[PDB]
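Heads up, the thing below is written out as structure tokens.
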Amino acid sequence: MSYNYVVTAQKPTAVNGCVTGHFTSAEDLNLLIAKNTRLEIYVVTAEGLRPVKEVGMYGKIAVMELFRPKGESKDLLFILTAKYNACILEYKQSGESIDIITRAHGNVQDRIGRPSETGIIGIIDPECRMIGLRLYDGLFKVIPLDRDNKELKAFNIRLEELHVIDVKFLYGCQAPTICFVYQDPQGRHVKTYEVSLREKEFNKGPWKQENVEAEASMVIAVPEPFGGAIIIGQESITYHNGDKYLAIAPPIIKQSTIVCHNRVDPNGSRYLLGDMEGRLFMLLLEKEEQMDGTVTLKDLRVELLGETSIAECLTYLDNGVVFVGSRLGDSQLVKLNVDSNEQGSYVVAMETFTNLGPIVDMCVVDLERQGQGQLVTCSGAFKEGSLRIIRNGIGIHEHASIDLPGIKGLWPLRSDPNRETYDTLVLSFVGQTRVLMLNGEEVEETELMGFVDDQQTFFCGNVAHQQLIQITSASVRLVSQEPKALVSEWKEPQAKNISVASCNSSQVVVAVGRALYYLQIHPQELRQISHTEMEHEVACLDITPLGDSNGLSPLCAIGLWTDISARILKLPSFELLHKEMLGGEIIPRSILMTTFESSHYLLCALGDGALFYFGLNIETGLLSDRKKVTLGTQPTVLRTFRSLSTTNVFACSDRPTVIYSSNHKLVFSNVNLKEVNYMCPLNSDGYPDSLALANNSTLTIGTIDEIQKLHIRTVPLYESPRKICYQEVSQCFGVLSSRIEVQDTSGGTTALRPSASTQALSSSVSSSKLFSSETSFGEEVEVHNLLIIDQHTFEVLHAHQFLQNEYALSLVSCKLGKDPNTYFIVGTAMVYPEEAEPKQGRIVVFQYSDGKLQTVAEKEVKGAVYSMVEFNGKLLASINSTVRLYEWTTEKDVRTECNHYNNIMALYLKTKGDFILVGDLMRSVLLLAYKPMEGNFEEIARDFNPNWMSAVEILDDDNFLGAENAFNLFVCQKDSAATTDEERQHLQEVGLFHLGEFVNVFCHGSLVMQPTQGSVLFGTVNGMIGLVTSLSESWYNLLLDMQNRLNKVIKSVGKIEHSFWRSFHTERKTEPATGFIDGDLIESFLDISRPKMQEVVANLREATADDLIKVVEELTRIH
């Protein structure tokens, strides 16, 4: 009985790979960035990066190189997956659309062979003669790249060298030559082989085998004008070619390990090198032009250019710009300058891109105290360490709220000449019009000697010539602004109510039923120009300069009444241009024509809740892009606001929505408000970049946040955060962090930079004497702290430092025993350098009150305290293969009963309100319940068959979620079978599914606000935030069917079956997925085309596309 649903909440933000070339067009410079399962394509330009296509793969990308075979117009992309999916790709965009076509594809998995330390390595020979894969110890796969072999049939060559460190094909060879650094006793060396694909063998290197530094770990092939290879290790860098050898031991490098490199100049003359500690260096190869032998190379040299944030991936874009691809911190675009600046850095940050980085731990908390939910995460590592608050939707800060009922409309008001901005706002009612005034934040009501106070207004804008138009239903008026009066007044030649308004600034378009009059605001006078009548009744009109016109407006858009029609037509005349009939009998409420960028847009909202979106030429009006997307259930009221430069539309509805721009589409995210019936933008003096917003019965103004479906706040810490616990009563968080210091001259550890725990506002250091038992004069130590962060400011209120070599591993916020107070409790371990497994630890009790952090109680323990949780009233801790329950004395002391415990090593632990427990010992999951007799736990049940756990969660009384270090998820369940002794002792695994991420933390909570059931989010190493829910058996089945029908249709990038991708996979076993659905796949159903869509949804059970789009949209709202 297990039936679960997973979706991505936030795609991965960590950068794993990033290569450079011309994939789009021969003469076009791209940057290809690899996330885990995301390939992101950019075109480099003057500003920075212009995006073009963002695909997702059904696998983790492990190798990403570009290359161009003979007779090949631009470069192809080669990619290998972690699950051994090879493929070559081509970028094809001709038409309006773009496509990654799959030239070739195949699975290079080998039945035998064990995965080598350093992992999958993928290289391509310089004349593209082959693909070189190192996947397994003692094996080198070769893929011939000729014109055929569209299946990437490879062959293997035996490799006598059991442990390879790195490998690249060498440059300038009359035959595939590979250069590698392997290891055997005797240290490590660099050997060579030629590759005969005429007969599958290695031949013999173009040169002999030399030794290398024990830590040689990167091989670099340098191009033809020098050839040879560069070998980087610690404390030395070297050059190898033939009987040539150079080498340098620049001390600058001895410190951290060089981790990545990238070619600056194609001469091979310069290279970027990145540290673990984030230093960027420039390597430079000193040429020498000899008489008329050739161009040789004389010497190497390394210069520190500065620091970037820890680089995984590094890539000289162009013109001194470099992309920094980070996995432990934010990525960035950075400029190299020739002169150094202040700080003496040749590097300068131009742009930073968010990385939720390693989510090491998290929790959900309603920070604003509103029924919604926010994620707060411990993110990053070392200097890149931080907190992120992720919050859903766009929000708006409120200032003035008037208890004002019934409002049918809202238009700006500038009561002065051309002195800019606005000072009065006008509110259409029911059958009235009541003007205001603003001497600031003041909101009095007095009218104008020129508008009507008993005539519902349909418009209240500005024009020219000292003029304020008020289109009433009875009469398009015109007001004098200096004298303050009536300049003129228009009236339907019969006396017929104006049904629908429309006024830009320099011109008008009323409609009185099916007829239309066009009137111009000329010098102190209205000016009739036209009359046409429509096949049906007019529901709504737009006039607005959509481009190359300063108020005199070309077109006129329209939604009609019986046939549900939308139409664009030429205003001077009203001649029909062309139109789109839609469905149903629900009429259009609103229609809008607004431009954002290099696409002109025409939007049409129905009155059931639907919205449809159009392409328009400013010039003709061709029936351009169309698809049914829904919003609230009420009629939307479209409208135009001022944001930044990229100004946009607000959708008023029972579900307030914004339409922004991203790559070149228009965002579609929620505004976090009850319901907005109408809204006009603003500038006004007492309320500056505001917006006004009515409803049922209120009025308010205010600004607008970012955009994205998710808002993210960063809180830098300059140090690793490790755990986090909200403590409401204190209105703050606890976060365990560690930082690195070093052995100074006095040995004393010091500090590499200031950071949360050192820069803290208040401070304190442990002072216990519980221990009293050696060090190296120059090395590294970690120093751990508990930080107290205010949930509003996020300042480090207080930082407590632990004992030397004490590591905090676990954190709790709770109340214990009968004590009213709420403590932060921390579990630790004395981590001495040699003897691995901890012999000692502490359980410390801390209190935060009036403003200080007291150290209530202490309690020594005989081992590391890997984790703990507040059970029912006692405190349940896990100490090094032992589980104990602690009682909180009424005298304020934590005490246990050694006659009592359970022998287990719970790395991970959870509890269900009952007396239930989910532990983890030797790769297994266990369900234990606290029996008050034996005063122990009872091992109700476990999951036999290993599983290297990384996270764990209780879904409910009988279902338990597990996450393992193979990127799989699983669900164990208490089997309800006879013989309630043993069958009931083995919890069977009722579900499996290959996630693709590495889960570090589970937690109950949601990000959306106020029918599936249950909700569990998880954070990963890659920054990706997931979500897991339960379903009913019918939904599981409808959806399971859905999936199958869905694969048949959707074209998988590198032609990889979704069924294989999601199939559970650990090196031991391989099974298909079960009790698992990915809404990720399931939500792709919306981006498909109708023709494809009715191809799905064909036999169960009305089975409608429209009907089935409705369920899928109802599932998107889970996040």
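Which condition does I396 not pass, out of (1) loosely packed, with under 15 Cβ neighbours inside 10 Å; (2) not in a strand (DSSP E or B); (3) not hydroxyl-bearing (S, T, Y), if it passes all the others?
(1)
The conditions are (1) within 17 Å of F458 (Cα to Cα); (2) under 49 Å from the mean Cα position of the chain (by Cα), and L555 fails exactly one of them. Which is it?
All conditions are met except number (1).
For residues that are under 21 Å from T620 (Cα atoms), of a type in the set (V, I, T) and either surrounded by fewer than 21 Cβ atoms within 10 Å (Cβ to Cβ) or not assigned by CATH to the domain that holds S624 (or both), tally how many sit in segment 558-593.
Of the residues in that region, 0 qualify.
Identify all residues within segment 608-651 that are part of a loop (DSSP other than H, G, I, E, B), closer than 21 Å to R1117 by Cα and among the small types (G, A, S); write none if there are none.
Of everything in segment 608-651, those that are part of a loop (DSSP other than H, G, I, E, B), closer than 21 Å to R1117 by Cα and among the small types (G, A, S) turn out to be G609, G632.
Run down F802, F771, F794 and say which single residue is within 38 Å of the chain's Cα centre (by Cα), on the phi < 0 side of the Ramachandran plot and among the hydrophobic types (A, V, I, L, M, F, W, C).
Result of the check over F802, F771, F794: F802.
Can you name the residue in segment 495-520 that is of a type in the set (A, V, I, L, M, F, W, C) and in contact with a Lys or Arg (Cβ under 7 Å, 6 or more places away or on another chain) and, of all such residues, is surrounded by the fewest Cβ atoms within 10 Å (Cβ to Cβ)?
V512
If we keep just the residues of segment 426-448 that are within 19 Å of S473 (Cα to Cα) and of a type in the set (A, V, I, L, M), which is farthest from the chain's Cα centre (by Cα)?
Out of the qualifying residues, it is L448.
State yes or no: is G56 on the phi > 0 side of the Ramachandran plot and touching a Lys or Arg at 6+ places or on another chain (Cβ under 9 Å)?
For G56, the condition - on the phi > 0 side of the Ramachandran plot and touching a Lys or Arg at 6+ places or on another chain (Cβ under 9 Å) - is not met.
Residue under question is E597, and the condition is that it be part of a loop (DSSP other than H, G, I, E, B) and under 23 Å from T633 (Cβ atoms); does it hold?
no
Just to be sure I understand, how many residues within segment 584-620 are under 17 Å from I558 (Cβ atoms) and either among the aromatic types (F, W, Y) or out of contact with any strand residue (DSSP E or B) (no Cβ under 9 Å at 6 or more places or on another chain) (or both)?
Result for segment 584-620: 4.
Quick one: in segment 7-31, which of the residues that are hydrophobic (A, V, I, L, M, F, W, C) and within 11 Å of the chain's Cα centre (by Cα) is surrounded by the most Cβ atoms within 10 Å (Cβ to Cβ)?
Result: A14.
Tell me which residues, restricted to segment 65-116, are β-branched (V, I, T) and either assigned to a strand (DSSP E or B) or within 30 Å of the chain's Cα centre (by Cα) (or both).
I79, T81, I88, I98, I100, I101, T102
Determine whether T45 is loosely packed, with under 15 Cβ neighbours inside 10 Å and of a type outside the set (A, V, I, L, M).
So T45 fits the description; yes.
Identify the residue in segment 777-806 that is of a type in the set (F, W, Y) and surrounded by fewer than 21 Cβ atoms within 10 Å (Cβ to Cβ) and, among all such residues, is farthest from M830 (Cα to Cα).
So the residue we want is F794.
May I ask you to verify whether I618 is β-branched (V, I, T), surrounded by 21 or more Cβ atoms within 10 Å (Cβ to Cβ) and more than 21 Å from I1109 (Cβ to Cβ)?
No: the conditions fail for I618.
Starting from segment 753-778, keep only residues that are in a loop (DSSP other than H, G, I, E, B), then list their pairs with residues that are exposed (fewer than 14 other Cβ atoms within 10 Å of the Cβ) and not acidic (D, E) whose Cβ atoms are within a distance under 8 Å, requiring at least 6 positions of separation or different chains.
Sorted first by the residue in segment 753-778, then by its partner, the pairs are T775/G747; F777/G747.
Quick check: anything in segment 579-586 under 24 Å from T633 (Cβ atoms), in contact with a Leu (Cβ under 6 Å, 6 or more places away or on another chain) and not β-branched (V, I, T)?
Within segment 579-586 (the criterion being under 24 Å from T633 (Cβ atoms), in contact with a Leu (Cβ under 6 Å, 6 or more places away or on another chain) and not β-branched (V, I, T)), the answer is yes, since at least one residue qualifies.
Is there any pair with a first residue in segment 160-179 that is over 14 Å from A216 (Cα atoms) and a second that is of a type in the set (F, W, Y) and part of a strand (DSSP E or B) whose Cβ atoms are under 7 Å apart and which are 6 or more apart or on different chains, and what are they?
These pairs meet every condition: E161/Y182; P176/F169; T177/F169; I178/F169; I178/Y193.
Among the residues that make up segment 789-805, is at least one of them among the hydrophobic types (A, V, I, L, M, F, W, C), farther than 24 Å from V364 by Cα and assigned by CATH to the domain that holds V861?
yes
Answer with yes or no whether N262 is assigned by CATH to the domain that holds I124, assigned to a strand (DSSP E or B) and within 24 Å of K287 (Cα to Cα).
yes
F668 versus (1) more than 28 Å from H1119 (Cβ to Cβ); (2) surrounded by fewer than 18 Cβ atoms within 10 Å (Cβ to Cβ); (3) assigned by CATH to the domain that holds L413: which is the lone unmet condition?
(1)
Can you name every one of the strands (runs of 3 or more DSSP E) wholly within segment 324-387 that holds 3 or more residues which are under 22 Å from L1017 (Cβ atoms) and aliphatic (A, V, I, L, M)?
Result: 359-365.
Can you find a residue that is surrounded by fewer than 16 Cβ atoms within 10 Å (Cβ to Cβ) and within 35 Å of the chain's Cα centre (by Cα) anywhere in segment 244-255?
Scanning segment 244-255, I find at least one residue that is surrounded by fewer than 16 Cβ atoms within 10 Å (Cβ to Cβ) and within 35 Å of the chain's Cα centre (by Cα), so the answer is yes.
Return the pair list, or none, for Cβ contacts closer than 9 Å from residues in segment 195-224 that are in the same structural domain as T177 (by CATH) to residues that are part of a loop (DSSP other than H, G, I, E, B) and acidic (D, E), at least 6 apart or on different chains.
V195/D125; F202/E160; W207/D243; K208/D243; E213/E235; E215/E235
Do you know which of the residues in segment 693-721 that are of a type in the set (G, A, S) and under 31 Å from the mean Cα position of the chain (by Cα) is nearest to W411 (Cα to Cα)?
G702
For segment 664-684, check the following and say yes or no: at least one residue is of a type in the set (F, W, Y) and more than 29 Å from the chain's Cα centre (by Cα).
yes
I'd like to check which strands (runs of 3 or more DSSP E) are fully inside segment 910-976 and have at least 1 residues that are within 21 Å of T1066 (Cα to Cα) and either of a type in the set (D, E, K, R) or in contact with a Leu (Cβ under 6 Å, 6 or more places away or on another chain) (or both).
By residue number, 916-920, 937-943, 949-956, 959-964, 968-973.
Output the strands (runs of 3 or more DSSP E) that fall wholly within segment 508-547 and possess 1 or more residues being over 23 Å from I564 (Cβ atoms) and either not acidic (D, E) or not assigned by CATH to the domain that holds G615 (or both), or say none.
515-522, 525-533
Per-residue answers, yes or no, for (1) in a strand (DSSP E or B); (2) on the phi > 0 side of the Ramachandran plot; (3) buried (at least 18 other Cβ atoms within 10 Å of the Cβ):
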{"position": "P688", "(1), (2), (3)": "no, no, no"}
{"position": "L693", "(1), (2), (3)": "yes, no, yes"}
{"position": "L699", "(1), (2), (3)": "yes, no, yes"}
{"position": "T703", "(1), (2), (3)": "no, no, no"}
{"position": "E706", "(1), (2), (3)": "no, no, no"}
{"position": "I712", "(1), (2), (3)": "yes, no, no"}
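The values are calculated or read from the model by the stated rules, or taken from the named source; no laboratory instrument gave them. Don't worry about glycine lacking a Cβ; one is built from the backbone with ideal geometry, like all the others, and counts go over all protein chains shown.
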